[PDB]
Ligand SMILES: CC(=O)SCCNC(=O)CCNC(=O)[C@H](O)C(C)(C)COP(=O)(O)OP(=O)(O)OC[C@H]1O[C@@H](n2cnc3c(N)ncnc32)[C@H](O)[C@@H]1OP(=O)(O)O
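Just the one chain here, the form solved without this ligand, laid out as structure tokens.
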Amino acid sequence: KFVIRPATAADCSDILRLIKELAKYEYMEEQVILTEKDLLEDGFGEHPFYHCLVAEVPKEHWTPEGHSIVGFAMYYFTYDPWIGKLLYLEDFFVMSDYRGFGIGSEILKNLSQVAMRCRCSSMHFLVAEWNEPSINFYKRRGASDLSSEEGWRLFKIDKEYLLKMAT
């Protein structure tokens, strides 16, 4: 039906494709700036800054445009002063026409396995507060809403302001 496997440098084109396609079903929008060149250099170079799992379909169930990659998950490892290494799920998208055969659910299984094999106490990730369907889903898998529990809010300081502080 479909196989979930760790991406290889050759999957970057597909990943950018799924990232752009992911940047459509999203609402905060903001077109993608990354290039295929970035995904390669940042994920398959000296030190990988992100890792990806890819959903590959047989030569039979390819994309109308002719693609074998119908899904992906992006993750990396983080650190917590109290307990140590954690697995961080940055994002995971699965193409529309292929979003009902368990691909996503299989992706979560593989990530959980990466979490065990890498000695991660837990896996963190973000969920938009309005996405109630996604909230309950993860709730059913034992996830805890730390923002509601501890009040955590995500903050950002972009290049502009970093430049001021730095200089």
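Residues that one form lacks are left out of the comparison. Numbering starts at 1 and follows the sequence shown. The term rigid core refers to the most C-alpha atoms you can superpose between the two forms while keeping them within 1.5 Å.
There is another form of the same protein, the form deposited with this ligand bound; it is not shown, and what comes next is about it.
Residue in contact with this ligand in the deposited complex (any heavy atom within 4.5 Å), chosen from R119, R140, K59, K109: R140. Residues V3, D42 and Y50 are none of them found to lie within 4.5 Å of this ligand in the deposited complex, as judged by heavy atom distances.
Heavy atoms of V94 reach within 4.5 Å of this ligand in the deposited complex, making it an interface residue. When this ligand is considered in the deposited complex, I103 lines it closely, a heavy atom lying within 4.5 Å. This ligand in the deposited complex comes within 4.5 Å of no heavy atom belonging to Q113. By the criterion of a heavy atom within 4.5 Å, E46 is excluded from the residues contacting this ligand in the deposited complex.
Residues from 2 to 27 that approach this ligand in the deposited complex with a non-hydrogen atom closer than or equal to 4.5 Å are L22, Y25, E26, in the order they occur in the chain. Only one of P58, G66, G45, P133 has its Cα shifted by 2 Å or more between the shown form and the other one after fitting on the core, and that residue is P133. The Cα shift for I157 between the shown form and the other one, taken after rigid core superposition, is 2 angstroms or larger. The Cα position of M28 differs by 2 Å or more between the shown form and the other one after fitting on the rigid core.
Taking a Cα shift of 2 Å or more after superposition on the rigid core as the cut-off, the stretches of three or more consecutive residues that move between the shown form and the other one are 27 to 31, 129 to 137, 152 to 167.
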